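> So I've got this experimental structure, pasted below with the sequence.
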Amino acid sequence: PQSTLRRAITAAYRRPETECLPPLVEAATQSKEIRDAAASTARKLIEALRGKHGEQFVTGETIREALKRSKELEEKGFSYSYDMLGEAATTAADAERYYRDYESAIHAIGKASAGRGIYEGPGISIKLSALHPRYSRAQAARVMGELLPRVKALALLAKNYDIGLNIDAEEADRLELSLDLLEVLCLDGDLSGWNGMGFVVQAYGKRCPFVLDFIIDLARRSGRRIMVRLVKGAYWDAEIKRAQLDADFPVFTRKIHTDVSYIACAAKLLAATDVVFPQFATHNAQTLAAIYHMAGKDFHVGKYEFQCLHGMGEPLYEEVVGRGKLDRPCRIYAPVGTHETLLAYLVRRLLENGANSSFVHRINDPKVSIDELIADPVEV
Amino acid sequence: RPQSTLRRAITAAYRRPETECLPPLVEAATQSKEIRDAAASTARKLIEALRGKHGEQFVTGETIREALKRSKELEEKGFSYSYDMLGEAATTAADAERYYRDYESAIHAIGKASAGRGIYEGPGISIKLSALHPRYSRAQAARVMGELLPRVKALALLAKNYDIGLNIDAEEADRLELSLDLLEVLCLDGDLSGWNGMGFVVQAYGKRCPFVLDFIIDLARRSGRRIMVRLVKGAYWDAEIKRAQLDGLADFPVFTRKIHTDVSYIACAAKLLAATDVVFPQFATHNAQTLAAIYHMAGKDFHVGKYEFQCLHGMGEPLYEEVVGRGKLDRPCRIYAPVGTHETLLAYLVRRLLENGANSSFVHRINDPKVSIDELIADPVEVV
Ligand SMILES: *[C@@H](C)/C=C/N1c2cc(C)c(C)cc2N(C[C@H](O)[C@H](O)[C@H](O)COP(=O)(O)OP(=O)(O)OC[C@H]2O[C@@H](n3cnc4c(N)ncnc43)[C@H](O)[C@@H]2O)c2[nH]c(=O)[nH]c(=O)c21
Ligand SMILES: *[C@@H](C)/C=C/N1c2cc(C)c(C)cc2N(C[C@H](O)[C@H](O)[C@H](O)COP(=O)(O)OP(=O)(O)OC[C@H]2O[C@@H](n3cnc4c(N)ncnc43)[C@H](O)[C@@H]2O)c2[nH]c(=O)[nH]c(=O)c21
């Protein structure tokens, strides 16, 4: 099981950052016309954002509460991806409870979807670390064989309701295990005809483009239109600190390299909308504007969508969704759970929202101009 | 070996099963029925005041200049301050020396502002040893002691020159031993004689806490220094749990039941309050029940310099507004004031998030509708 696509992923794992960049810079360079139009859109979005000035990140405690609070934005053009927030299960009983929480959430979301299907209707997202009691500490062999039956059962339930089921991306050293899991699922005949299988790839990772080449080819040969959520990445501080402890990082160390990687990978995804459903997860108005223009004038629901986190993205995406704005859909990621189960997620939201490098921090920073906010990362 | 019995007891507690550590803590933490009743009354009053009257709020200022200016208001009210030039986990040798210079310049600025108020009434500084050595948590204790001790001694000399407090913050449990050896060497150094501003944090969620306290009290006696001892419950609980599991340990260095840390804290406070001749106990807590318990445990005789409470800026001022001052409890409180930009502060803010957001934290429970004042004033000695 060492195809040329899989070898390319494994070969990029800790490739020197300096060598990772030129392909990304070239794949991320857009025409002057697209850059100019994206700068104009980005400026307009940012001017709207600056115009109108952890509970905010939790949609509700139960899926029933989250579903009721979602109708308002759903009729404005938003969709949802619900996550029964759990992660880093340390016990078998914890992994079982999270599973039964995901299982019952799928039933509630599936019934609420009511045949809207994978693009117009809500979906679910899961973290594999919630479903295996020693996900980060167990060898991939034993982790695959105990986790695959559980994810399959969830994917079959999502298939039964025709909703999306997305596998979230966590630490860099679990990418390979989750990727072999996605391949087995996309080749499993019990899930045939269902295009709701989803997968996150993190653009701060040096493997991201090769992971996308692998997934694009996997979608094309398997006949599954894989939903690929492109995120920049939530675990940067932790990847750096694990790398320094265990000296080539699996992630970029300059934020701008992640930004270039994201755009490069978005171009690759946008060229493959026949076989994958790109889901561009970002709160960065510049990133959004670039993807919006990179995608061209042709759009239909199901071609691609944007995504955001609940409590972070609605002010930006209220300038995007709907016929009076940009008429592009956005799926809101909806964490569901108690405050205790979501602490680790809120920590990551603190790291994301509080970093001087984050768009969402800079947009409130009176030292940061709009010209700086609309800068094209490749140019910089 | 010097202090062999006390040192062996620390090592012995490191590995002690949690259930074995608890009975002695419970025995020291049990107070009289008249005291428990007074403590419950005081804690009720403190909590009803809090619930009844009321993340950049944790940072006092970006410079020690703005931090020192912002201190006059609550100092006139009777608070004092301990500044930290927010820095930790030096990832480079240049980073350590930079932190050192910022600490050095901060002591000069804090010392000038103190203007001779002394180590109790005037401001002090707190430092994290991980800011002053590159790869502090990774390099050996040979090169740590040999390069950190000269750096902290210089800082301690400057603080002595200005007669201000200099407190060594407590970090991960695996750094406790080297920090304790450092404290001992400084307290025995004649160059620092006559200055009682040397301070040291001990974390009550650690199994070693009462025995570290025995060692420090004993060090205070044989050195002639009146060591300032900041008793905290501990800021790294989630990290310690995760490190112990990843290091493969079968038993943790910290307690795993929050109420065990609460009993540990009260038991350690009792030990400290019986040694105020040779240590200056500094009770860092935002838990009104903990505070009430210590308040009545200390007795009715009080003078500034006997002990103090401490709190973190942005967390403790509402509670200690009900403490400081003749009209309230008439006990002092030193506000810990982090100084810095966004870098290094985010790591502090994460620890504040894990503290302010945990279902077991007092500051979370005080804002939780499902938690009654009854549960909040409950004595952990009795429930354990
Ligand atoms: C489980 C709950 C996982 C969810 N999942 C997810 C799903 C959705 C729908 C969305 C919107 C996000 C996530 N998610 C978080 C995501 O990674 C972050 O939101 C994203 O990184 C933010 O990027 P963006 O809005 O474009 O902001 P910005 O332009 O500010 O970029 C910040 C970004 O840059 C990287 N960074 C910061 N500093 C550096 C340095 N020094 N070097 C390199 N890179 C750097 C960081 O990535 C930072 O976040 C999410 N993340 C994830 O890893 N896996 C998932 O499954 C999700
Ligand atoms: C560098 C900036 C270091 C600062 N230092 C310090 C200095 C001052 C002046 C003050 C006030 C605090 C600290 N500091 C943080 C301190 O440890 C926490 O504030 C403290 O732990 C909070 O406790 P308290 O306010 O009394 O709240 P509460 O009753 O809620 O207890 C919370 C506490 O309980 C422990 N806990 C949580 N969960 C468990 C479980 N399951 N089992 C056992 N124990 C458990 C935790 O300790 C939790 O925080 C500080 N900490 C430090 O370790 N070192 C330092 O130098 C400081």
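Received, thanks. Numbering: from 1, shown residues only, chains lettered A, B, ... in the order given. Ligands and ions are numbered 1, 2, ... in the order given.
> Quick check: residue A:132 is in a strand.
No: membership of residue A:132 in a strand is not supported by DSSP: H, G, I helix; E, B strand; the rest coil, which gives coil.
> how close does the closest residue to residue A:313 other than its chain neighbours get to residue B:297?
Distance criterion CB to CB, 6 or more residues apart in numbering or on different chains; nearest residue to residue A:313, sequence neighbours excluded, is residue A:283 at 5.1 Å. Just so you know, the C-beta spots here come from the backbone N, C-alpha and C atoms, and that holds for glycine as well. In this view, residue A:283 and residue B:297 are 50 Å apart by CB to CB, to the nearest Å.
> Between these two, tell me which one has more neighbours.
Set residue A:283 next to residue B:297 and count neighbours by other CB atoms under 10 Å in any protein chain shown: residue A:283 wins out with 24 against 19.
> shouldn't the more buried one be in contact with residue A:310?
No: counting by CB atoms under 8 Å, residue A:283 does not reach residue A:310; the two are 11.4 Å apart.
> So what pairs up with the spatially most central residue of chain A in the strands?
Centroid-nearest residue in chain A: residue A:229, 3.7 Å away (criterion: CA atoms, centre = their mean). Beta-bridge pairing for residue A:229 (DSSP bridges): residue A:200, residue A:279.
> Is it correct that it is in contact with residue A:198?
Yes: using CB under 8 Å, residue A:229 is in contact with residue A:198, at 6.2 Å.
> after the one helix or strand residue A:153 maps to comes which helix or strand?
Taking DSSP states H and E as the criterion, residue A:153 maps to helix A:140-161. Later in the chain than helix A:140-161, the nearest helix or strand by DSSP H and E is strand A:165-167.
> Name the strands paired with that following strand and say parallel or antiparallel.
Neighbouring strands of strand A:165-167 in its sheet, by DSSP bridges, are strand A:123-126 (parallel), strand A:197-202 (parallel).
> Give me the residues contacting stretch A:99-109.
Here stretch A:99-109 makes contact (CB atoms under 8 Å, 6 or more residues apart in numbering or on different chains) with A:63-64, A:67, A:82, A:84, A:86, A:122-124, A:126, A:130-131, A:150, A:153-154, A:157-158, A:161, A:163, A:165, A:336.
> Tell me the secondary structure at the residue of chain A found nearest ligand 2.
Taking CB to the nearest ligand atom as the measure, chain A has residue A:340 as its residue closest to ligand 2, at 11.0 Å. Secondary structure, three-state DSSP: residue A:340 is coil.
> about what we covered before: give the other helices and strands that the helix holding residue A:153 contacts.
Helix A:140-161 is packed against helix A:92-113, strand A:123-126, strand A:165-167, helix A:175-186, with contacts defined by 3 or more CB pairs under 8 Å, 6 or more residues apart in numbering or on different chains; DSSP states H and E.
> again, 7 Å this time
Helices and strands touching helix A:140-161, by 3 or more CB pairs under 7 Å, 6 or more residues apart in numbering or on different chains; DSSP states H and E, are helix A:92-113, strand A:165-167, helix A:175-186.
> on that earlier part again, just want the phi and psi numbers for the nearest residue in space to the residue of chain A closest to ligand 2 that is not next to it in sequence.
Leaving aside its chain neighbours, residue A:340 sits nearest to residue B:359 (4.7 Å; criterion: CB to CB, 6+ apart). When read as degrees, to the nearest 10, the backbone of residue B:359 gives phi -60, psi -20.
> And residue B:359, how far from ligand 1?
Look at residue B:359 and ligand 1: by CB to the nearest ligand atom, to the nearest Å, they are 20 Å apart.
> if I pick residue A:166, what's in contact with it?
A:81, A:123, A:125, A:198, A:199, A:200, A:227, A:229 (CB atoms under 7 Å, 6 or more residues apart in numbering or on different chains).
> surely residue A:337 meets residue A:85?
Yes: at 3.9 Å, residue A:337 counts as touching residue A:85 under the criterion of CB atoms under 7 Å.
> which residues does residue A:330 contact?
Contact analysis of residue A:330 by CB under 7 Å, 6+ apart lists A:78, A:305, A:306, A:307, A:308, A:313, A:317, A:320, A:321.
> Could you do residue A:203 as well?
Counted by CB under 7 Å, 6+ apart, residue A:203 has contacts A:230, A:231, A:232, A:233, A:258, A:261, A:262, A:265.
> at 6 Å what do you get?
A:232, A:258, A:261, A:262, A:265 (CB atoms under 6 Å, 6 or more residues apart in numbering or on different chains).
> got a markdown table for the residues you listed, with distance to ligand 2 too?
Formatted as a markdown table, these follow (distance: CB to the nearest ligand atom, whole Å):
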| residue | distance to ligand 2 |
| --- | --- |
| A:232 | 30 |
| A:258 | 30 |
| A:261 | 35 |
| A:262 | 35 |
| A:265 | 39 |
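> pretty sure the residue nearest to the centre of chain A contacts residue A:282?
No: at 10.4 Å, residue A:229 and residue A:282 do not qualify as touching, with contact defined as CB atoms under 6 Å.
> Any residue of stretch A:86-95 touching ligand 2?
No: using CB under 6 Å from any ligand atom, stretch A:86-95 stays clear of ligand 2, coming no nearer than 13.2 Å.
> how long is that stretch from one end to the other?
Start-to-end span of stretch A:86-95 (CA to CA, to the nearest Å) is 9 Å.
> List the contacts of the helix holding residue A:153.
A:99, A:102, A:106, A:110, A:113, A:131-132, A:165, A:177, A:185, A:191, A:194, A:196.
> okay, that helix in PDB with CA atoms only?
Taking Å, rounded to 0.1, in the frame of the first residue of the first chain, the C-alpha atoms of helix A:140-161 are listed here in PDB:
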ATOM      1  CA  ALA A 140      -1.900   2.700  13.700                       C
ATOM      2  CA  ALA A 141      -2.500  -1.000  13.200                       C
ATOM      3  CA  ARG A 142      -4.600  -1.500  16.400                       C
ATOM      4  CA  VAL A 143      -6.200   1.900  16.100                       C
ATOM      5  CA  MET A 144      -7.400   1.300  12.500                       C
ATOM      6  CA  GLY A 145      -9.000  -2.100  13.200                       C
ATOM      7  CA  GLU A 146     -11.000  -0.900  16.300                       C
ATOM      8  CA  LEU A 147     -11.900   2.500  14.900                       C
ATOM      9  CA  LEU A 148     -12.900   1.500  11.300                       C
ATOM     10  CA  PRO A 149     -16.000  -0.500  12.500                       C
ATOM     11  CA  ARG A 150     -17.200   2.500  14.500                       C
ATOM     12  CA  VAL A 151     -16.800   5.100  11.800                       C
ATOM     13  CA  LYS A 152     -18.300   2.700   9.200                       C
ATOM     14  CA  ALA A 153     -21.400   2.300  11.400                       C
ATOM     15  CA  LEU A 154     -21.700   6.100  11.700                       C
ATOM     16  CA  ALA A 155     -21.100   6.600   8.000                       C
ATOM     17  CA  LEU A 156     -23.800   4.000   7.200                       C
ATOM     18  CA  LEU A 157     -26.200   5.900   9.400                       C
ATOM     19  CA  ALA A 158     -25.300   9.200   7.600                       C
ATOM     20  CA  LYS A 159     -25.800   7.300   4.300                       C
ATOM     21  CA  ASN A 160     -29.200   6.200   5.500                       C
ATOM     22  CA  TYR A 161     -30.200   9.800   6.000                       C
END
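> ok and that helix relative to helix A:92-113, angle-wise?
Interaxial angle, helix A:140-161 versus helix A:92-113 (axes from the mean of the first three to the mean of the last three CA atoms, to 10 degrees): 20 degrees.
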